[PDB]
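A.B. asks: Contents are compact mmCIF, C-alpha atoms and all ligand atoms; file name structure35.txt:
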```
# COMPACT_ATOMS: atom_id res chain seq x y z
CA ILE B 23 104.57 7.47 47.20
CA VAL B 24 103.36 5.31 50.08
CA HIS B 25 102.70 7.10 53.36
CA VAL B 26 102.56 5.25 56.66
CA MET B 27 101.10 6.73 59.82
CA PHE B 28 102.94 5.41 62.85
CA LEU B 29 100.60 5.98 65.81
CA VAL B 30 101.52 5.59 69.43
CA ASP B 31 99.41 5.37 72.53
CA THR B 32 101.66 7.34 74.83
CA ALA B 33 99.21 7.13 77.70
CA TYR B 34 99.23 3.38 77.68
CA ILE B 35 102.98 3.25 77.61
CA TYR B 36 103.26 5.72 80.45
CA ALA B 37 100.81 3.60 82.45
CA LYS B 38 102.47 0.26 81.83
CA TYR B 39 106.19 0.97 81.84
CA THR B 40 107.29 2.16 85.26
CA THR B 41 110.91 0.89 85.15
CA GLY B 42 113.62 0.68 82.46
CA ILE B 43 112.93 4.26 81.35
CA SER B 44 115.86 5.42 79.22
CA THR B 45 117.10 8.82 78.11
CA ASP B 46 120.02 7.24 76.33
CA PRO B 47 118.80 6.85 72.70
CA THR B 48 121.35 4.07 72.07
CA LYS B 49 119.71 2.05 74.77
CA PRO B 50 116.05 2.58 74.34
CA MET B 51 113.37 0.88 76.41
CA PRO B 52 111.70 -2.06 74.70
CA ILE B 53 107.95 -2.04 74.43
CA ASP B 54 105.27 -4.60 73.43
CA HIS B 55 103.01 -4.63 70.36
CA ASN B 56 99.90 -3.31 72.15
CA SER B 57 100.47 0.48 71.88
CA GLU B 58 101.53 1.08 68.26
CA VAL B 59 99.61 0.87 65.00
CA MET B 60 100.94 1.43 61.49
CA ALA B 61 98.35 2.54 58.95
CA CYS B 62 98.64 2.94 55.20
CA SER B 63 96.25 3.74 52.31
CA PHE B 64 93.89 1.28 50.72
CA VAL B 65 95.36 2.18 47.29
CA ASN B 66 98.60 0.50 48.40
CA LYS B 67 96.67 -2.72 48.74
CA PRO B 68 97.06 -3.45 52.42
CA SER B 69 96.56 -7.10 53.32
CA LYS B 70 95.44 -8.41 56.69
CA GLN B 71 96.59 -11.80 55.32
CA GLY B 72 99.81 -12.65 57.07
CA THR B 73 101.55 -12.25 60.44
CA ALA B 74 103.07 -8.87 59.63
CA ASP B 75 102.31 -5.66 61.47
CA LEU B 76 102.08 -3.96 58.08
CA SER B 77 101.66 -5.43 54.58
CA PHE B 78 101.23 -3.69 51.27
CA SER B 79 101.98 -3.97 47.59
CA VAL B 80 103.80 -1.37 45.54
CA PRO B 81 106.32 -1.43 42.66
CA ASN B 82 109.98 -1.75 43.50
CA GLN B 83 111.68 1.59 43.99
CA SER B 84 108.51 3.36 45.21
CA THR B 85 109.14 5.85 47.96
CA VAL B 86 107.88 5.09 51.43
CA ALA B 87 107.38 7.73 54.11
CA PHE B 88 106.82 7.13 57.78
CA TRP B 89 105.10 9.72 59.92
CA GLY B 90 105.12 9.28 63.64
CA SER B 91 102.46 10.70 65.91
CA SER B 92 100.91 10.35 69.35
CA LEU B 93 97.13 10.12 69.56
CA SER B 94 96.96 13.91 70.01
CA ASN B 95 98.71 14.49 66.68
CA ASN B 96 101.79 15.49 68.69
CA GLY B 97 99.80 18.35 70.26
CA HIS B 98 99.75 17.04 73.83
CA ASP B 99 102.21 14.18 74.19
CA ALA B 100 104.36 13.55 71.19
CA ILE B 101 106.60 11.04 69.51
CA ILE B 102 109.46 11.43 67.09
CA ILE B 103 110.94 8.47 65.24
CA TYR B 104 114.72 8.55 65.15
CA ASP B 105 115.55 5.11 63.81
CA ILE B 106 114.18 2.57 61.44
CA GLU B 107 116.45 -0.36 60.58
CA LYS B 108 116.57 -4.00 59.78
CA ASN B 109 116.36 -6.20 62.88
CA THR B 110 118.95 -8.98 62.79
CA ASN B 111 118.28 -10.41 66.29
CA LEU B 112 115.51 -12.65 65.00
CA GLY B 113 117.58 -14.50 62.39
CA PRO B 114 117.71 -14.01 58.63
CA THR B 115 115.15 -11.67 57.17
CA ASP B 116 114.73 -10.09 53.73
CA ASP B 117 116.30 -6.88 52.33
CA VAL B 118 113.01 -5.24 51.44
CA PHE B 119 113.85 -1.63 52.04
CA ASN B 120 116.85 0.54 51.48
CA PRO B 121 118.29 2.40 54.45
CA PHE B 122 115.92 4.95 55.92
CA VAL B 123 116.83 8.57 56.25
CA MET B 124 115.47 11.45 58.28
CA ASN B 125 113.92 13.64 55.64
CA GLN B 126 113.18 17.36 56.45
CA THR B 127 111.65 19.65 53.91
CA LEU B 128 109.90 22.93 53.60
CA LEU B 129 106.14 22.84 52.87
CA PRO B 130 105.57 26.25 51.33
CA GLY B 131 101.82 26.03 51.53
CA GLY B 132 100.52 23.97 54.41
CA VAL B 133 96.92 24.58 55.40
CA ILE B 134 95.77 25.39 58.88
CA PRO B 135 92.48 26.54 60.20
CA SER B 136 91.92 30.30 60.14
CA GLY B 137 90.73 32.20 63.23
CA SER B 138 86.99 31.87 62.50
CA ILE B 139 84.51 30.03 64.69
CA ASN B 140 84.68 26.88 62.58
CA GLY B 141 88.21 27.41 61.19
CA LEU B 142 87.10 28.04 57.62
CA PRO B 143 88.38 28.96 55.27
CA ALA B 144 91.79 27.49 55.83
CA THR B 145 94.87 29.72 55.57
CA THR B 146 98.04 28.40 53.97
CA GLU B 147 101.44 29.04 55.49
CA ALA B 148 105.01 27.67 55.21
CA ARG B 149 106.14 25.02 57.63
CA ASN B 150 108.84 22.37 57.99
CA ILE B 151 107.73 18.80 57.69
CA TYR B 152 109.59 15.59 58.33
CA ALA B 153 109.31 11.92 57.64
CA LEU B 154 111.56 8.89 57.67
CA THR B 155 111.82 7.83 54.06
CA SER B 156 113.16 4.90 52.04
CA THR B 157 112.48 3.03 48.88
CA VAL B 158 111.35 -0.49 48.24
CA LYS B 159 114.33 -2.57 47.18
CA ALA B 160 112.39 -5.87 46.71
CA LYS B 161 109.35 -7.96 47.64
CA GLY B 162 109.75 -9.85 50.92
CA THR B 163 109.20 -9.92 54.66
CA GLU B 164 111.58 -7.84 56.78
CA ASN B 165 111.88 -7.68 60.53
CA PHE B 166 112.45 -4.15 61.75
CA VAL B 167 113.48 -2.16 64.72
CA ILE B 168 111.79 1.22 65.24
CA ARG B 169 113.06 3.66 67.87
CA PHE B 170 111.42 6.80 68.89
CA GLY B 171 111.41 9.44 71.54
CA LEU B 172 108.38 9.70 73.77
CA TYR B 173 107.73 13.26 74.93
CA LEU B 174 105.15 13.98 77.60
CA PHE B 175 103.36 17.22 78.02
CA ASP B 176 104.51 19.05 81.16
CA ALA B 177 101.62 21.29 82.30
CA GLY B 178 104.06 23.39 84.40
CA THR B 179 106.18 24.58 81.45
CA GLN B 180 103.53 24.06 78.69
CA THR B 181 106.24 22.07 76.87
CA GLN B 182 106.86 18.55 75.69
CA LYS B 183 109.73 16.88 77.51
CA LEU B 184 111.52 13.68 76.80
CA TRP B 185 110.29 10.92 79.03
CA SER B 186 111.97 7.91 77.34
CA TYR B 187 113.52 6.69 74.09
CA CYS B 188 111.66 3.49 73.11
CA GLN B 189 111.95 0.59 70.71
CA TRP B 190 109.35 -1.56 68.96
CA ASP B 191 110.12 -4.56 66.69
CA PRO B 192 107.50 -4.78 63.94
CA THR B 193 107.52 -6.89 60.80
CA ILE B 194 106.67 -5.45 57.44
CA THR B 195 105.81 -7.22 54.24
CA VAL B 196 105.86 -5.91 50.72
CA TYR B 197 104.16 -8.28 48.34
CA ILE X 23 91.55 14.23 78.51
CA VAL X 24 90.53 11.70 75.94
CA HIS X 25 92.26 12.18 72.60
CA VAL X 26 90.83 10.80 69.37
CA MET X 27 92.71 10.64 66.13
CA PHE X 28 90.46 11.14 63.17
CA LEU X 29 92.33 9.62 60.21
CA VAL X 30 91.46 10.01 56.62
CA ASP X 31 92.64 8.09 53.60
CA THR X 32 92.75 10.97 51.20
CA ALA X 33 94.26 8.86 48.40
CA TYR X 34 91.43 6.38 48.52
CA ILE X 35 88.83 9.07 48.55
CA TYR X 36 90.48 10.79 45.61
CA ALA X 37 90.47 7.47 43.73
CA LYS X 38 86.88 6.51 44.51
CA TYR X 39 84.95 9.82 44.47
CA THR X 40 84.89 11.19 40.97
CA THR X 41 81.55 13.02 41.13
CA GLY X 42 79.76 15.18 43.72
CA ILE X 43 82.95 17.09 44.58
CA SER X 44 81.96 20.17 46.59
CA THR X 45 83.74 23.39 47.46
CA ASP X 46 80.66 24.62 49.34
CA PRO X 47 81.28 23.75 52.99
CA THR X 48 77.53 23.87 53.67
CA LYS X 49 76.93 21.12 51.14
CA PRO X 50 79.82 18.74 51.60
CA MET X 51 80.27 15.51 49.74
CA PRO X 52 79.16 12.43 51.58
CA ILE X 53 81.59 9.61 52.10
CA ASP X 54 80.95 6.04 53.36
CA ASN X 56 85.95 2.69 54.84
CA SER X 57 88.22 5.73 54.42
CA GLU X 58 87.80 7.32 57.83
CA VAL X 59 88.69 5.85 61.08
CA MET X 60 88.70 7.06 64.62
CA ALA X 61 91.43 5.78 66.95
CA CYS X 62 91.61 6.33 70.82
CA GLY X 72 76.36 -1.80 68.39
CA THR X 73 77.89 -0.67 65.11
CA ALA X 74 79.56 2.23 66.95
CA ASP X 75 82.48 3.60 65.05
CA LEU X 76 83.95 4.64 68.38
CA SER X 77 83.21 3.50 71.90
CA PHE X 78 84.93 4.35 75.16
CA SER X 79 84.32 4.91 78.83
CA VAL X 80 85.23 8.08 80.76
CA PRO X 81 83.66 10.06 83.63
CA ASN X 82 81.06 12.60 82.80
CA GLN X 83 82.53 16.01 82.18
CA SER X 84 85.86 14.67 80.85
CA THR X 85 87.26 16.58 77.96
CA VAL X 86 87.42 14.99 74.57
CA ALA X 87 89.71 16.21 71.79
CA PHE X 88 89.50 15.25 68.11
CA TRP X 89 92.54 15.55 65.92
CA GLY X 90 92.12 15.25 62.21
CA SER X 91 94.83 14.02 59.95
CA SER X 92 95.59 12.52 56.60
CA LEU X 93 97.79 9.44 56.46
CA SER X 94 100.82 11.74 55.89
CA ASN X 95 100.16 13.60 59.14
CA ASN X 96 98.99 16.52 57.02
CA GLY X 97 102.41 16.80 55.40
CA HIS X 98 101.37 15.74 51.91
CA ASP X 99 97.58 15.73 51.62
CA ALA X 100 95.75 17.21 54.59
CA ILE X 101 92.44 17.40 56.30
CA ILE X 102 90.89 19.85 58.64
CA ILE X 103 87.71 19.14 60.55
CA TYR X 104 85.35 22.10 60.62
CA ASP X 105 82.17 20.60 62.07
CA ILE X 106 81.21 17.98 64.56
CA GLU X 107 77.53 17.90 65.44
CA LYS X 108 74.71 15.67 66.48
CA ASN X 109 73.12 14.00 63.42
CA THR X 110 69.39 14.33 63.57
CA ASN X 111 68.58 12.80 60.16
CA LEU X 112 68.50 9.31 61.66
CA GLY X 113 65.85 10.08 64.36
CA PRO X 114 66.28 10.81 68.06
CA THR X 115 69.75 9.91 69.41
CA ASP X 116 71.33 10.56 72.82
CA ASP X 117 72.80 13.86 74.14
CA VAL X 118 76.17 12.40 74.98
CA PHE X 119 78.37 15.34 74.21
CA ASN X 120 78.15 19.08 74.68
CA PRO X 121 78.61 21.23 71.60
CA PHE X 122 82.03 20.98 70.03
CA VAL X 123 84.21 23.99 69.49
CA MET X 124 87.26 24.69 67.29
CA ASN X 125 89.94 25.05 69.87
CA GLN X 126 93.18 26.83 68.89
CA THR X 127 96.00 27.27 71.38
CA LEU X 128 99.61 28.08 71.54
CA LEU X 129 102.00 25.24 72.34
CA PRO X 130 105.02 27.12 73.67
CA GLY X 131 107.25 24.07 73.60
CA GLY X 132 106.45 21.58 70.84
CA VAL X 133 109.23 19.19 70.00
CA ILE X 134 110.54 18.68 66.53
CA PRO X 135 113.50 16.80 65.26
CA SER X 136 116.70 18.85 65.13
CA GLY X 137 118.81 19.04 61.95
CA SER X 138 121.04 16.09 62.78
CA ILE X 139 121.23 12.92 60.69
CA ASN X 140 118.83 11.06 62.98
CA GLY X 141 116.89 14.10 64.32
CA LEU X 142 118.23 13.86 67.88
CA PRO X 143 118.15 15.54 70.17
CA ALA X 144 114.77 17.14 69.65
CA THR X 145 114.42 20.86 69.63
CA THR X 146 111.51 22.60 71.21
CA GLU X 147 109.73 25.50 69.51
CA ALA X 148 106.35 27.35 69.72
CA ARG X 149 103.51 26.34 67.47
CA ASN X 150 99.78 26.68 67.18
CA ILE X 151 97.77 23.56 67.66
CA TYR X 152 94.13 22.91 67.16
CA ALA X 153 91.57 20.30 68.02
CA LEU X 154 87.81 20.06 68.11
CA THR X 155 86.92 19.69 71.76
CA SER X 156 83.91 18.92 73.91
CA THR X 157 82.95 17.38 77.21
CA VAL X 158 80.99 14.32 78.01
CA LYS X 159 77.51 15.29 79.16
CA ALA X 160 76.28 11.71 79.79
CA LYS X 161 76.58 8.01 78.92
CA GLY X 162 74.82 7.00 75.72
CA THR X 163 75.00 6.46 72.01
CA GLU X 164 75.00 9.52 69.75
CA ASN X 165 74.82 9.68 65.94
CA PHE X 166 77.20 12.34 64.59
CA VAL X 167 78.00 14.29 61.50
CA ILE X 168 81.64 15.15 60.84
CA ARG X 169 82.61 17.57 58.13
CA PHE X 170 86.11 18.36 56.97
CA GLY X 171 88.11 19.94 54.24
CA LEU X 172 90.19 17.67 52.10
CA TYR X 173 93.27 19.40 50.81
CA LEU X 174 95.45 17.72 48.16
CA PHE X 175 99.10 18.38 47.59
CA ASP X 176 99.64 20.19 44.33
CA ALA X 177 103.20 19.27 43.12
CA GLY X 178 103.12 22.30 40.79
CA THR X 179 102.80 24.92 43.59
CA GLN X 180 104.22 22.78 46.45
CA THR X 181 101.03 23.70 48.34
CA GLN X 182 97.91 22.03 49.71
CA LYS X 183 94.73 23.09 47.93
CA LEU X 184 91.14 22.50 48.79
CA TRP X 185 89.78 19.65 46.69
CA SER X 186 86.45 19.06 48.45
CA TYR X 187 84.56 19.62 51.73
CA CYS X 188 83.35 16.16 52.91
CA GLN X 189 81.00 14.61 55.44
CA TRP X 190 81.09 11.31 57.32
CA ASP X 191 78.41 10.05 59.70
CA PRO X 192 79.82 8.08 62.56
CA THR X 193 78.23 6.87 65.76
CA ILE X 194 79.93 7.27 69.05
CA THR X 195 79.22 5.55 72.32
CA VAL X 196 80.29 6.55 75.82
CA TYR X 197 79.65 3.76 78.31
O1 LIG B 201 102.95 13.40 83.84
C1 LIG B 201 102.20 14.05 82.81
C2 LIG B 201 101.62 13.02 81.84
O2 LIG B 201 100.70 12.12 82.48
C3 LIG B 201 100.23 11.06 81.62
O3 LIG B 201 99.24 10.31 82.33
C4 LIG B 201 99.60 11.54 80.30
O4 LIG B 201 99.46 10.46 79.36
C5 LIG B 201 100.48 12.62 79.69
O5 LIG B 201 99.80 13.22 78.60
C6 LIG B 201 100.86 13.70 80.70
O6 LIG B 201 101.64 14.75 80.09
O1 LIG B 202 97.68 13.00 41.86
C1 LIG B 202 96.68 13.84 42.44
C2 LIG B 202 96.47 13.45 43.90
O2 LIG B 202 96.49 12.03 43.90
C3 LIG B 202 96.33 11.50 45.21
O3 LIG B 202 96.42 10.09 45.16
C4 LIG B 202 97.39 11.98 46.20
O4 LIG B 202 97.01 11.39 47.47
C5 LIG B 202 97.48 13.52 46.21
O5 LIG B 202 98.65 13.96 46.87
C6 LIG B 202 97.59 14.03 44.78
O6 LIG B 202 97.63 15.47 44.72
```
Can you turn what I pasted into structure tokens?
Ligand SMILES: OC[C@H]1O[C@@H](O)[C@H](O)[C@@H](O)[C@@H]1O
Ligand SMILES: OC[C@H]1O[C@@H](O)[C@H](O)[C@@H](O)[C@@H]1O
C.D. replies:
Amino acid sequence: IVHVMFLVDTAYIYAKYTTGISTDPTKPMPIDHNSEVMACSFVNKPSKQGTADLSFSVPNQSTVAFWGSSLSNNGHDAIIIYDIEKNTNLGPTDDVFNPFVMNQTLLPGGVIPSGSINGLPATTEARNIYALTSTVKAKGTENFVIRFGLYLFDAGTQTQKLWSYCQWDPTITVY
Amino acid sequence: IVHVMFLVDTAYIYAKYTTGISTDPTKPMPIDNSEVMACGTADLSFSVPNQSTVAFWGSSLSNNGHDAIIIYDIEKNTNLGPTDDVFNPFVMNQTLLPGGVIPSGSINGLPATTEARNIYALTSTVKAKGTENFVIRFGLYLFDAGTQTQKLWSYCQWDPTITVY
């Protein structure tokens, strides 16, 4: 099971994009490649050889899970991915992944810090978790579209509020 | 507020470290590649006014949904000689987030719901510009498919260097 951290620099995006802000998720605001990083484990043999924003090697049919997060681990600003699909606007590309799905599950025993000065020992408690998941169909290079909501912390309400739905067009390679 | 993601490749660590596993948090296992910070040889370097707040958020590559990590110590590392006093002491900072967003139960998760949740970060404030050697200790919890729960595998220690300029 290959996990991919999808990190977003919300502060940068809020600084740069002052127009074209969208709260219609079918018409998200396009953003450049400077504020997002996708990270996976070394055991999945990542490769900085190539032009792809992410590259790794795992057997066909392995499960892949994408976890979106702001730089505050969704504790201050936050992001939630709502779409991951093949991008056809850049010409033919490979069918590397099966359709992604929003996958919500119960984690019966998730650990959190306890109320001690250093947080130890951890307590375990149930919690819902979510990831966008798929499976590797075949080796190849696939252009993608990734859309997510960008939620900014509002100090007034102490709540995270939608600022804009956004879209990034990475390329991913399974070799 | 400067936020720093502290990411840990729990799968790599579990593959590479086969001895020296410790469940004594006062004698954690040292690690070299598998930890990164995202915001000289400084593992992290950034520039913000003195007295700004800094918040460190620890996470596995599954956002603590499969394996998980929890930082329990961030302190000045004195085993490599004198180093600068760049940060004030860190504290474990737990707060209530009245309105955290989560996906709703729709097919694509939209629109998001809001719900209360406890968050935590290790926080501090910049005392001065400089380069400080640090020690960072954390618990590494692995997902046990048998119980569907995350269980302590080892307490671990990484020794980064951070520069505020
Ligand atoms: O308007 C409020 C927002 O300001 C931005 O500069 C920050 O990146 C956000 O975290 C904050 O919630
Ligand atoms: O299989 C034992 C452990 O292997 C590691 O590679 C995984 O990251 C853990 O989730 C798992 O519990």
A.B. asks: Show me, as a PyMOL selection string, the residues of chain X whose atoms get within 7 Å of chain B, using all atoms listed in the file for the distance check.
C.D. replies: chain X and resi 25-27+31+33-34+62+89+93-95+97+104-105+124+129-133+135+139-142+151+180-182
A.B. asks: Please give me, as a list in words, the residues lying within 8 Å of ligand LIG 202 (chain B) when counting only C-alpha atoms and all ligand atoms.
C.D. replies: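 What falls inside 8 Å of ligand LIG 202 (chain B) is residues 32, 33, 34, 36, 37, 98, 99, 174, 175, 176 and 177 of chain X.
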A.B. asks: Here is a test: counting only C-alpha atoms and all ligand atoms, which residue of B:120, B:37, B:71, B:23 is nearest to ligand LIG 201 (chain B)?
C.D. replies: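 Checking each of B:120, B:37, B:71, B:23 against ligand LIG 201 (chain B), counting only C-alpha atoms and all ligand atoms, the winner is B:37.
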A.B. asks: I'd like the contact shell of residue 86 in chain X - 9 Å cut-off, all atoms listed in the file, skipping same-chain residues fewer than 3 positions apart - returned as a ChimeraX atom specification.
C.D. replies: /X:23-26,154-158
A.B. asks: Go ahead and compute the interatomic distance for CA of residue 106 in chain X and CA of residue 166 in chain X, in Å to one decimal.
C.D. replies: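 Going from CA of residue 106 in chain X over to CA of residue 166 in chain X, I get 6.9 Å.
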A.B. asks: Residues proximal to (111.3, 1.9, 62.2) were defined as those with any atom within 8 Å of that point in the file's coordinates, counting all atoms listed in the file. Which are they, as number ranges by chain?
C.D. replies: B: 103, 105-107, 166-169, 190-192
A.B. asks: Skipping near chain neighbours, those fewer than 3 positions away, what residues fall within 9 Å of residue 168 in chain X using only C-alpha atoms, listed as a VMD selection string?
C.D. replies: chain X and resid 103 to 109 188 to 192
A.B. asks: Take every atom of ligand LIG 201 (chain B) listed in the file, pad by 6 Å on each side, and give me the axis-aligned box centre and edge lengths in Å, one decimal, as lines of an AutoDock Vina configuration file.
C.D. replies:
```
center_x = 101.1
center_y = 12.5
center_z = 81.2
size_x = 15.7
size_y = 16.4
size_z = 17.2
```
A.B. asks: Considering all atoms listed in the file, state which residue in the set B:58, B:35, B:30, B:67 is at the smallest distance from ligand LIG 201 (chain B).
C.D. replies: B:35
A.B. asks: Any idea what's packed within 12 Å of residue 43 in chain X, counting all atoms listed in the file, ignoring anything in its chain fewer than 4 positions away? Could you give it as a list in words?
C.D. replies: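 Near residue 43 in chain X, the qualifying residues are residues 35, 36, 38, 39, 47, 49, 50, 51, 52, 53, 171, 172, 184, 185, 186, 187, 188 and 189 of chain X.
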A.B. asks: How far is it from CA of residue 178 in chain B to CA of residue 136 in chain X, in Å with one decimal?
C.D. replies: 23.5 Å
A.B. asks: Counting all atoms listed in the file, which residue out of B:72, B:194, B:177, B:162 sits closest to ligand LIG 201 (chain B)?
C.D. replies: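 Ranking B:72, B:194, B:177, B:162 by distance to ligand LIG 201 (chain B), first place goes to B:177.
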A.B. asks: So which residues touch range 49-55 of chain B within 7 Å, counting all atoms listed in the file, skipping near sequence neighbours fewer than 5 positions away, as an MDAnalysis selection string?
C.D. replies: chainID B and resid 42:44 187:190
A.B. asks: Take the residues that were just selected and, keeping C-alpha atoms, output them as a PDB file, in the frame of the given file.
C.D. replies:
```
ATOM      1  CA  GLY B  42     113.620   0.680  82.460  1.00  0.00           C
ATOM      2  CA  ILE B  43     112.930   4.260  81.350  1.00  0.00           C
ATOM      3  CA  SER B  44     115.860   5.420  79.220  1.00  0.00           C
ATOM      4  CA  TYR B 187     113.520   6.690  74.090  1.00  0.00           C
ATOM      5  CA  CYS B 188     111.660   3.490  73.110  1.00  0.00           C
ATOM      6  CA  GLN B 189     111.950   0.590  70.710  1.00  0.00           C
ATOM      7  CA  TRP B 190     109.350  -1.560  68.960  1.00  0.00           C
TER       8      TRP B 190
END
```
A.B. asks: Please, what distance in Å, to one decimal, runs between CA of residue 165 in chain B and CA of residue 110 in chain B?
C.D. replies: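 Answer for the CA of residue 165 in chain B to CA of residue 110 in chain B separation: 7.5 Å.
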A.B. asks: Identify which of the residues X:126, X:45, X:92, X:84 lies closest to residue 196 in chain X, counting only C-alpha atoms when measuring atom-to-atom distances.
C.D. replies: X:84
